[PDB]
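In case you want the letters, here they are:
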Amino acid sequence: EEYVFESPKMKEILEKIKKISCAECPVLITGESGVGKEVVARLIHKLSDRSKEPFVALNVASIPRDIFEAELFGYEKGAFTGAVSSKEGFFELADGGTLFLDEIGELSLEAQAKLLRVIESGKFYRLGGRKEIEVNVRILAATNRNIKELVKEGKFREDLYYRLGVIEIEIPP
Amino acid sequence: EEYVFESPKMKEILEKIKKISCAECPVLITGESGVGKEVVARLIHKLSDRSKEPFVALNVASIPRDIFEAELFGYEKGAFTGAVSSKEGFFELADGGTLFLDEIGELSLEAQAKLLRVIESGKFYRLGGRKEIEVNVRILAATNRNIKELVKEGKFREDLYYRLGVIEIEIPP
Amino acid sequence: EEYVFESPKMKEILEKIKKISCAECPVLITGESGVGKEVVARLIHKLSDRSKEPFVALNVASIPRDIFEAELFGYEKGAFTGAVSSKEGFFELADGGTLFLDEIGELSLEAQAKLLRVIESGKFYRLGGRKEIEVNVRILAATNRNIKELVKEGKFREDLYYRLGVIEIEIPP
Amino acid sequence: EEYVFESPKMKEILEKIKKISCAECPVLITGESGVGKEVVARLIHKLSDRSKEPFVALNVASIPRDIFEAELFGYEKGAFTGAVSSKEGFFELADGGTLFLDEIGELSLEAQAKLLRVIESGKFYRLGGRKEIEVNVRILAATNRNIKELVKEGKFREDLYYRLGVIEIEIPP
Amino acid sequence: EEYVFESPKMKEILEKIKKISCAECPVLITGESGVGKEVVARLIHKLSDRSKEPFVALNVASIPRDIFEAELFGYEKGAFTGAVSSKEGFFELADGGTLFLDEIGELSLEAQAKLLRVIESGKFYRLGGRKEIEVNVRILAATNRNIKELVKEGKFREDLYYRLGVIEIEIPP
Amino acid sequence: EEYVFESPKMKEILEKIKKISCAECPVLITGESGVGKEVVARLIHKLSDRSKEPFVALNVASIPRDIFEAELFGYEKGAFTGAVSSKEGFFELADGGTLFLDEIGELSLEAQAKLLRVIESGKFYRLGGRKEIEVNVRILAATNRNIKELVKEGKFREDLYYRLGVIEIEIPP
Amino acid sequence: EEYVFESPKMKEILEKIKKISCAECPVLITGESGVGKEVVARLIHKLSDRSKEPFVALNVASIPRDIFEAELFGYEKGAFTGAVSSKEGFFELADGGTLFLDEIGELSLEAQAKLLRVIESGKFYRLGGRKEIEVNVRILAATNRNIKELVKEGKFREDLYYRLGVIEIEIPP
Amino acid sequence: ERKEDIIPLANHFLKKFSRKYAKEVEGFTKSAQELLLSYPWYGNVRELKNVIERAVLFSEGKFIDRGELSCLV
Amino acid sequence: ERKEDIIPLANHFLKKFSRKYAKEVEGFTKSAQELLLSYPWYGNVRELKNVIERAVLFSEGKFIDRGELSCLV
Amino acid sequence: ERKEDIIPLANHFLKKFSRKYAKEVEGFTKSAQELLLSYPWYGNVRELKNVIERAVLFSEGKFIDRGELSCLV
Amino acid sequence: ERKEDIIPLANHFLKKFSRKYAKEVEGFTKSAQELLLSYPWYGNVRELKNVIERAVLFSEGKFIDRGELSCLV
Amino acid sequence: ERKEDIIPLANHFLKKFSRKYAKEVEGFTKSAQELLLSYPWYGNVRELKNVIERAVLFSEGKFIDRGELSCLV
Amino acid sequence: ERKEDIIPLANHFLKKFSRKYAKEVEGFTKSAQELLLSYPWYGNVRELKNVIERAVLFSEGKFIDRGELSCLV
Amino acid sequence: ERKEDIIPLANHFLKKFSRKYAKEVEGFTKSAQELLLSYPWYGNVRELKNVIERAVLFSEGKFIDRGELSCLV
Ligand SMILES: Nc1ncnc2c1ncn2[C@@H]1O[C@H](COP(=O)(O)OP(=O)(O)O)[C@@H](O)[C@H]1O
Ligand SMILES: Nc1ncnc2c1ncn2[C@@H]1O[C@H](COP(=O)(O)OP(=O)(O)O)[C@@H](O)[C@H]1O
Ligand SMILES: Nc1ncnc2c1ncn2[C@@H]1O[C@H](COP(=O)(O)OP(=O)(O)O)[C@@H](O)[C@H]1O
Ligand SMILES: Nc1ncnc2c1ncn2[C@@H]1O[C@H](COP(=O)(O)OP(=O)(O)O)[C@@H](O)[C@H]1O
Ligand SMILES: Nc1ncnc2c1ncn2[C@@H]1O[C@H](COP(=O)(O)OP(=O)(O)O)[C@@H](O)[C@H]1O
Ligand SMILES: Nc1ncnc2c1ncn2[C@@H]1O[C@H](COP(=O)(O)OP(=O)(O)O)[C@@H](O)[C@H]1O
Ligand SMILES: Nc1ncnc2c1ncn2[C@@H]1O[C@H](COP(=O)(O)OP(=O)(O)O)[C@@H](O)[C@H]1O
Ligand SMILES: Nc1ncnc2c1ncn2[C@@H]1O[C@H](COP(=O)(O)OP(=O)(O)O)[C@@H](O)[C@H]1O
Ligand SMILES: Nc1ncnc2c1ncn2[C@@H]1O[C@H](COP(=O)(O)OP(=O)(O)O)[C@@H](O)[C@H]1O
Ligand SMILES: Nc1ncnc2c1ncn2[C@@H]1O[C@H](COP(=O)(O)OP(=O)(O)O)[C@@H](O)[C@H]1O
Ligand SMILES: Nc1ncnc2c1ncn2[C@@H]1O[C@H](COP(=O)(O)OP(=O)(O)O)[C@@H](O)[C@H]1O
Ligand SMILES: Nc1ncnc2c1ncn2[C@@H]1O[C@H](COP(=O)(O)OP(=O)(O)O)[C@@H](O)[C@H]1O
């Protein structure tokens, strides 16, 4: 059988997804919990040119704020007591495919920045030093909070907003 | 001498155990405190094909909710201040044998999920990163609360229910 | 000079102590406050084969019920915010000698169990994980409450009773 | 100018102080409120060999009975929710000098004991564990109640009495 | 326009205020309710060298006697069930400026003392322990009761009187 | 159908309400019991710009004078034996909407003040400490007593009168 | 279009920048957060003789105090467990160009010194040993704290102050 | 005791509010100005501030006279 | 809402497991087939997958009817 | 504050993307051009860059008007 | 409910311990054997294990009767 | 009971403060010196310390007499 | 109940302390020795240990009698 | 404590830098020379070295007076 989309506003949103097909600009999805955000990311990617490519979805809340900037990107050896190898990255694992960051508002100012730098340059370095890796990952942010607000609270970098705010989809409860 | 089963409903439940013998699908046991749940798990396993194999019973209540997701599975070094070695696991200790999780309802949403993933894939990773270990453990959940209810309370993942709900035994007080 | 025993029932109890000499099975002492319980433990040990060995007496009431299961046994690092070293144990300090647990009834169900396990196996682990230490300590419980009663109240594990109830001395007021 | 002592019984008590000079045995001072107890402690210490050394006077009533056994001695980290560092001690601050415990009768049985242990051994441990500090503090207890009485009321440890009762001065109203 | 002072005794008191300008010694203001005490404090401070500095006026009656010694000064963590952070202080908030304690007679003997210690040393500690903060606050006490009297009633520390009694202004009804 | 207003003086008062529409200055309503005060508040708010916003009506008599200053505003933890969480507030619940204080005369001098401070500053603190919350609530006081009188009785703060006396409506019996 | 400077004090500061053009003496910029410090550094360098040369801006807060003295300068092999190559340096990367150290006050005493040595000699060594590299980097420190103060707190080396205090620009909020 | 203030102040206020609530109210009429000067103003400047915010809102045309004022003063 | 699926699916499953646990179970009886079609199947295909692995194991003869099923459905 | 830039810039962008995603989009309609000029453009040039890449992709025919734009602006 | 076990078991135990603590204890007397059979043995085999280690230690001669036993049972 | 101390002490103090608050106050007049000697000084040295810091501040000319003192003593 | 111990013990102590505090105290006088024997010594050996350290310090000459002792005993 | 050094030193420096940055700066004016002598020079010779490199760069004409200096000193 199939999936489920039939209400006007969604009859719509599906198409918006379909059009966005041939694209790679990041996408910002927003709706209350349960509305289908992460279901749209997944669909956007099933429809993007890189459907067959991996889908690296990671809940930004499912990781202590102090280790996100260690697992998203990666880690350069001996910089934090105990390192079995410079740590790879979800960015690197998502290289060539999609990287669906769920619950964006929960990004530390430090990573909010560090992401921005990788959304524009596409290059990143694991900790102190310089970039030595090439990643081609389409950003897909989804959050249930109101981004704009957070911007006047200073909890959310504005320039990072507009950067992910290329394509913006809003799922109605 | 022997053990004790003689009432019809139990004269029964014993057999259900006996039949289930040749199986490995998880089993969900439910009855009021003291009814003999943990006595059935133990018997199911004495009867399964892996009787001679270990029995790793662990009370999910006998461990602070914040350290269960550190001892059930295992732990990847330096992710929490102080790590003498990436921590092994009851899952790993129960590898090849049974893993009787008592009082399931007391599983954090985070682990309820993390278990599901290991009931289907059978692979797991200690903290952030990826799976690098192979575990063959038969899940045996027992709880005294009513699972279904908990599902409408959102305290218990449904899909994890049906997954453990392959074989379901209910011990009458 | 000397100590004091002259009444028949005590003229007795002294001997019972003397006989028990060559033993190591735990001992359960019971009498109203002040009757001489802790004076008998001390004498039992002065008479046991391990008199020259240490005497680790610890009032189970002289420690908040939530930290007893942290000091009796020991503690595995980083399991409770702040750990300068995996914590040693009165069990470990009493290794090779006597461990006089005063006021037993005041043992949490969790430790009542944890003790039992160490009275039979003699091995113990500090928190979650496994045993890695060897302790040879003779248990000497003394309580002023009536154990049996507590058993029907469910406040006292029965199997732990009979285990300490190997040798039982009752000091009359 | 000077201080004030001229009545026979005090013309006396001053000397008793002077003689006691070359000593360190604890001293027990007793007189109605206002009689000059704390004035004598202070003088005893101005006269002891350690006059130039500190004077750590602490009213045992000026601290809730549940935090005295936390401030007199000291505190071993994480044993009570919230610990910025294992807590030092008035005993440790009074190390090398005098420790004038005012209003002794107001000592909890638990500390009355804990003091005794430090009056004899001179070693103490902050909470559960063992002694790791060396303190040389001369005890100076002053109370306005009648100690002896309190002993038949069981509110005051006798052996702790005789221990502080080495030198005993009684200030007449 | 302006404020109001025209009667001889007040035509006066204003000047006394003006002279006191270049000072910082505490000041004791006394007059029946409504006479203008708190209006003078405020004026004294508008005239002191620290006019631009804060004015921390606090009614000593507007706080339950058991929490004054917790809010005036401050509070060292975990000393009273529930502490979100060691509590700051009106003394600390008034640091660098004036601290107008209204209705002094309503000070507990415990704080009457604790204030004295801070009027002389200028250093204070939040609860048990030691001073770790530097406060430069000019004391301004105002009360409608007759201090002296209270001194023979023992409800008011004398030495604390003379300490605040450096400069004394009395507002006639 | 509709509501009821047809007498001249009320044919009027309705309009006064209508005009006041575009406002937020507090309003003081006064009339004998039953005259329709609380019916006007409700109408004023149905007409204000914030009609869709909440209406937090609270009878100042329907709460013991000693707990009003605990429920109107809120409560900072551990300041009164037993606190499950720093207590929210009707002010906070009424944030963004109307706060209809019925029977104003029944306000303690302490709260009469505490309200004034929030009518001007709009900021408030739960107990001792400082303001950390932002509330935008339109005050709507209604009382059946004659305010002015109460002012010469000293039972009612005058400055709080004029503050609520911005807009004043008087319902004739 | 252009950038933004129009207020007198800034109409000024721009020029000061312009004059400083032909220079290389370090520069100390100070203003509250957001005032435009890092915007001036950038402009100073766009105007210095080495505009076309690199701009190595590094937030001294964006790196754990224990790894700054490892990344600013560089690192000599095998001196800290795990070294893939003696580590280069931001000093070396900034060689020939500007090195804008943001938030100077956040420099460890150890590096505060180590910088001074490189501001005068211009030579540096990676860890223990001697200098073997030639760096020509213009220092540009910016901090939002008051340097002088920090000097009486001992948190900031004075001689390092005057060294960077060659040219000093202060951005008004 | 500053009747020379009532009419100027009042006029200040009438301006503040007329602008605060977007009301085409230009000012008080003679008849009104009189009243304002006769009222005792116990609240003084404060009471006049209120009396006029209130009169600005109650205002219907471009001016204020005995009408809205009497409602209060 | 695909009662036309229950009986075919079920039959798929009964085959999988009958072969997985080496059980001489050929299929469901009418009486049983009815039940399977009436059950609401909240879990849907999943729940039926389980309900039948379970029924295959519990199976004693060659067929399955109200017997083993009622135990669950 | 450069409304004389919105329409030229926009037109730049619409060209970039129309070529980047191979879309037969020639340009904005009057109705659309108006909107673009009225929007406040807080993001400014940046926001317009996005608003139009987005509008180029969402584009269906040869032109863009109130339609796709309103979706955003 | 296995009085046919008490006397054999007991005898097992009395042997274990008599050898464990080097005690010249050969066995129970009639008088004793009776008691052991009458006791309800709530602890069952366990309690008898203890009751006798204890009786072996308390033993003075070569046998055990009402004497040492009554102390417990 | 040391009236031979009041005048010297006082004079100490008057010096301390006269220098502490930069006041051209040289000393007490006879009339004043008398008073100081008659006062009972319950506070003793302390009270005199205060009485004079206070008198130094209240001082207007170069000397202090019954004037400022009576205010207190 | 060991009056035959008081005088020897006491004498032990008087020696310990006389040497511990460098006091020229040789021993107790008859008058004193009596008292020591009559006292009930509730504290027993302990109390005598203290009573005499205390008496050694309080000692002025070479001996101890009713004098220093009565102070306590 | 060497005011006899400030003006000579300063003059040294003003020369160094005037030549180092190719600035037509000849020297300080009276008004300026005064200031330099009044400043406390905590940094001493060092601080003056900086204060003047800085003043040489900030210099616009041929001389330096209260102008550039006040900026610092
Ligand atoms: N439009 C839809 N059609 C069918 N199923 C949906 C739809 N939207 C959501 N779901 C279902 O609801 C669940 C909630 O999904 P999800 O989108 O991940 O939540 P959230 O929006 O908070 O990220 C999913 O398991 C999915 O199967
Ligand atoms: N059917 C039974 N026959 C004999 N003993 C039983 C039976 N059921 C329970 N028990 C006993 O009762 C106790 C309670 O066991 P348990 O099953 O672990 O509790 P729960 O069901 O709450 O997990 C066990 O120690 C066991 O020996
Ligand atoms: N049989 C005895 N002979 C001499 N002293 C005894 C005797 N029994 C008790 N005591 C004394 O009584 C006190 C109470 O001792 P203890 O046995 O520790 O109390 P409890 O029985 O409650 O543990 C001890 O200090 C001890 O010296
Ligand atoms: N013998 C004395 N000579 C001079 N002053 C004394 C004398 N005794 C007491 N005081 C004074 O009396 C006050 C009461 O002192 P204190 O001894 O501390 O009380 P308490 O005896 O209850 O501890 C002190 O401030 C002290 O100055
Ligand atoms: N001398 C004065 N001139 C003008 N107003 C005064 C004067 N004295 C008091 N007031 C007024 O009287 C009120 C009572 O003030 P306050 O001094 O605070 O009372 P109290 O003296 O009891 O502390 C104040 O609000 C103030 O405006
Ligand atoms: N003008 C009115 N038109 C219709 N109903 C009214 C009117 N005034 C009052 N009521 C009714 O009378 C009751 C009394 O209302 P209320 O205004 O709350 O009393 P009070 O004025 O004492 O606060 C209400 O339940 C309301 O329905
Ligand atoms: N004078 C200015 N003219 C135009 N933009 C400025 C000016 N000052 C600051 N900004 C802007 O403000 C932001 C804050 O910049 P920054 O100087 O880096 O902060 P800080 O002074 O704390 O280092 C920059 O992104 C910059 O574009
Ligand atoms: N002279 C004035 N001119 C214009 N407005 C005034 C004047 N005086 C007071 N106000 C207004 O009246 C109100 C009364 O203010 P306030 O100064 O606090 O009075 P008070 O004399 O009681 O301190 C203020 O909110 C202010 O805006
Ligand atoms: N149409 C079907 N035919 C046969 N088996 C199916 C069918 N649909 C699902 N299943 C079985 O049921 C289970 C449900 O699988 P799944 O596709 O993950 O469900 P969902 O719709 O929730 O994604 C699978 O393990 C699969 O083997
Ligand atoms: N039938 C028996 N014969 C000899 N000794 C036994 C027998 N049954 C139990 N014991 C002894 O009694 C104790 C009771 O053991 P256990 O088997 O654990 O009891 P339970 O039935 O509760 O599991 C054991 O330590 C064992 O040595
Ligand atoms: N003899 C003195 N000569 C000069 N100043 C003194 C003299 N005695 C006291 N003072 C001053 O008076 C105050 C009283 O001090 P203090 O010695 O503490 O008194 P007390 O006798 O109560 O201990 C001190 O601050 C000190 O500066
Ligand atoms: N028989 C003795 N001879 C000499 N000194 C003794 C004797 N008995 C006790 N003492 C002294 O008296 C004190 C009492 O000691 P202790 O043996 O602990 O008494 P207790 O009988 O209560 O255990 C000891 O410090 C010791 O030095």
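Residues numbered from 1 in each chain as written, not as in the entry; some residues may be left out. Chains lettered and ligands numbered in written order. Heavy atoms only, no water.

For this coordinate set, the PDB header names cryo-EM as the determination method and states a resolution of 18.00 Å.

A.B. asks: Honestly, the packing of aromatic side chains in this entry has me stumped. Any pointers?
C.D. replies: Aromatic ring pairs are defined here through the distance separating the ring centres and the angle between the ring planes. Tallied over the entire structure, the rule returns 77 aromatic pairs over all chains. Taken together, a centroid distance of 4.5 Å and an interplanar angle of 65° make the contact between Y39 of chain J and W41 of chain J edge-to-face. Look at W41 of chain J and you get buried, because its relative accessible area is 6%. An aromatic cluster of at least three residues, connected via ring pairs, comprises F73, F91 and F124 of chain A. Taking NZ or CZ as reference, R42 of chain D lies 4.2 Å from the ring centre of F55 of chain D, over its face. (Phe/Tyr/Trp six-rings, centres within 6.5 Å; stacked < 30°, edge-to-face > 60°. Buried < 20%, exposed > 50% of the residue type's maximum accessible area, 1.4 Å probe, protein only. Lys NZ or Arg CZ within 6 Å of the ring centre and 35° of its normal.)

A.B. asks: Just to check I follow, could you spell out helix α2 (residues 30–38) of chain L for this structure?
C.D. replies: Residues spaced three or four apart along an α-helix point in a common direction, a consequence of the helix completing one turn every 3.6 residues. Residue and element names in this part refer to chain L. Residues of α2 that are buried include every one of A32, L35 and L36, and no others. Seen from one end, α2 has its buried residues packed into an arc of 100°, which puts them on one side. For α2, exposure combined with an orientation more than 90 degrees from the buried face picks out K30 and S38. The inward-facing, buried residues of α2 abut α1 (3–20), β1 (27–28), β2 (63–64) and α4 (66–70). (Helix = DSSP H or I, 4+ residues; strand = E, 2+ residues; numbered from the N terminus. Arc of directions from axis to C-beta. Contact = heavy atoms within 4.5 Å.)

A.B. asks: What exactly am I supposed to notice about the interface of chain L and chain E here?
C.D. replies: One frequent convention defines the size of an interface as the accessible area lost when the parts assemble. Facing the eleven residues of chain L at the interface are 13 residues of chain E. Of the roughly 1200 Å² buried between chain L and chain E on both sides combined, carbon and sulfur atoms contribute 61%. It is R54, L57 and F58 of chain L in chain L that bury the most area against chain E; as a group they hold 48% of the surface buried on that side. Here chain L is connected to chain E by four residue pairs in polar contact. Tallied by class, residues from the side of chain L that touches chain E come to four nonpolar, two polar and five charged. (Buried area = accessible area lost by both parts, 1.4 Å probe. Polar contact = N/O pair within 3.5 Å; in protein donor to acceptor, adjacent residues only side chain to side chain. Nonpolar A, V, L, I, M, F, W, Y, C, P; charged D, E, K, R; others polar.)

A.B. asks: For this particular structure, what's the right way to read the site of ligand 9?
C.D. replies: All names here are of chain I. In the region of ligand 9, the neighbouring residues are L9, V45, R46 and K49. Burial of ligand 9 by the protein chains amounts to 37% of its free accessible area of 560 Å². Here the shell around ligand 9 takes three residues from helix α3 (residues 45–58), the largest share from any one element. (Near = heavy atom within 4 Å. Areas by Shrake-Rupley, 256 points an atom, 1.4 Å probe, with all protein chains shown as cover.)

A.B. asks: Would you mind showing me how to read the site of ligand 7 here?
C.D. replies: All names here are of chain G. Taken together, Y3, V4, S33, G34, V35, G36, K37, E38 and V39 make up all the residues around ligand 7. Between ligand 7 and the protein, one listed contact pairs a nitrogen atom with a backbone N or O atom of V4 at 2.9 Å. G36 is positioned with one of its backbone polar atoms (N or O) 2.8 Å from an oxygen atom of ligand 7. In the complex, the protein chains occlude 59% of the 560 Å² of accessible area that ligand 7 would expose alone.

A.B. asks: Would you take a moment to explain the interface of chain A and chain J for this structure?
C.D. replies: Each partner contributes residues to the interface: chain A has 13 residues there, and chain J has eleven residues. The junction of chain A with chain J conceals about 1200 Å² of combined surface from both sides, 61% of it contributed by carbon and sulfur atoms. Of all residues in chain A, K19, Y162 and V166 of chain A give up the largest surface area on contact with chain J, accounting jointly for 48% of the area buried on that side. Put simply, chain A and chain J have one salt bridge between them. The residue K19 of chain A makes a salt bridge to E60 of chain J at a minimum N-O spacing of 2.6 Å. Run the count over chain A and chain J and you get four residue pairs in polar contact. Those elements that place two or more of their residues in the side of chain A that touches chain J are α1 (8–20), α7 (158–164) and β7 (167–170) of chain A. (Salt bridge = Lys/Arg side-chain N within 4 Å of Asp/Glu carboxyl O.)

A.B. asks: Is there a simple way to explain the side chain of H45 of chain F in this structure?
C.D. replies: Residues and elements named next belong to chain F. Checked against the element boundaries, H45 lands in helix α2 (residues 37–47). Given a relative accessible area of 4%, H45 falls into the buried group. Within polar-contact distance, the side chain of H45 engages the backbone oxygen of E53 at 2.9 Å. In this view, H45 contacts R50, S51, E53, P54, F55 and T98; residues no more than four positions away in its chain are not counted.

A.B. asks: When you look at the sheet that holds strand β3 (residues 98–102) of chain C in this model, what are you seeing that I'm missing?
C.D. replies: Residues and elements named next belong to chain C. Pairing in this open sheet of five strands is parallel, and the strands run β2-β3-β6-β1-β7 from one edge to the other. This sheet does not close on itself; its edge strands, each paired only once, are β2 (55–59) and β7 (167–170). Across the sheet, the mean angle from the axis of one strand to that of its neighbour is 15°, orientation sign disregarded. Bridge count between β2 and β3: five bridges; the pairing is parallel. The partner of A57 across the bridge, within β3, is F100. In the packing of helix α2 (residues 37–47) onto the sheet, contacts are made with β1 (27–30), β2, β3, β6 (138–143) and β7, and the angle to β1 comes to roughly 150°. (Pairing = 2+ DSSP bridges. Axes fitted to C-alpha atoms, helices over the stretch in contact; angles between N-to-C directions.)

A.B. asks: What's the story with the environment of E53 of chain E in this structure? I'm lost.
C.D. replies: Residue and element names in this part refer to chain E. Relative to the assigned elements, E53 resides in the loop between α2 (37–47) and β2 (55–59). Judged by relative accessible area, which is 40%, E53 ranks as partly exposed. Other than its neighbours up to four places away in sequence, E53 contacts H45, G96 and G97.

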